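This document starts with one chain, in the form deposited in one PDB entry, laid out as structure tokens.
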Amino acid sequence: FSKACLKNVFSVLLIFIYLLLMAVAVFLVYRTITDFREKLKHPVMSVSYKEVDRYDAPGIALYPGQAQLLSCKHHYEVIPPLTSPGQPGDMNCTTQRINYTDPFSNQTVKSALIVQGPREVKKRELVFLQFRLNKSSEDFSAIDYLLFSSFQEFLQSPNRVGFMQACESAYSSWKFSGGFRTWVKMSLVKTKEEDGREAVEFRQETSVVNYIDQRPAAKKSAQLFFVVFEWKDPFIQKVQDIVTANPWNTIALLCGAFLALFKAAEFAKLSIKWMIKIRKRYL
């Protein structure tokens, strides 16, 4: 039967058309919900992890001040013994020197030394830094450092000063002591704001290790700073609005609501007929 086959194929096509129409309606309702959500402030946010084979190269903005960088080197899961503490050399890191006004206190300019961070988390790649300071007039010996998402973004940024101020606004600033080697295991946390930008903040697990110096007492006045940066785990924590992070839950809820509405329509159509029949039988 050619007519029967034509009717069947047209019915299948109409099934496709109505399924597409329902999908479009659900998508429009979900987009309306998202647009209404993004307006309100402080929404409930969910957590999602995503393992990465290789990390993007981060930026480690040091603040030596009067301290001089002594040595920078990349290593894998082990630190070879130092040839001679307090001596320069063996320095090759992608270091960019920029200094700018502090966004918090506009009166002070801070000198930032940005060093490209490790990126092969699987190989336990780490970066070892050494600093020296002959004379210091301060109660506490420390160097400030903050971590931002990517070194490449800073390198190719059009407004370098503003990018560093935005990084200062981010909550990823710490310190490492003098006379100690601190192993910093940094973790990446990405949060997506409602406006669209993805703010990035870091989490660290320091391991302070005392440094024993056999150098002559003449050079004991100078203090040596050591720090090691390494990725703790390949997993990247992602924070996003609970509705937007997993839209499939909202889609399922909306489909359930629409199907419930249609079932209620069918129930009303049956019930009006039933009550009309009852009224006709009674009177």
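Take the two forms, find the largest set of C-alpha atoms that superpose within 1.5 Å, and that set is the rigid core. Only residues modelled in both forms are compared. Residue numbers run from 1 along the displayed sequence.
In what follows, reference is made to the form deposited in another entry, a form of this protein that is not presented.
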Determine whether the C-alpha of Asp35 shifts by 2 Å or more between the shown form and the other one once the rigid core is superposed.
-> yes
For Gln237, decide whether the Cα shift between the shown form and the other one is 2 Å or greater, given a superposition on the rigid core.
-> no
For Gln66, decide whether the Cα shift between the shown form and the other one is 2 Å or greater, given a superposition on the rigid core.
-> no
Considering only residues present in both forms, which runs of at least 3 consecutive residues have all C-alphas displaced by 2 Å or more between the shown form and the other one after core superposition?
-> 9 to 42, 242 to 262, 267 to 281
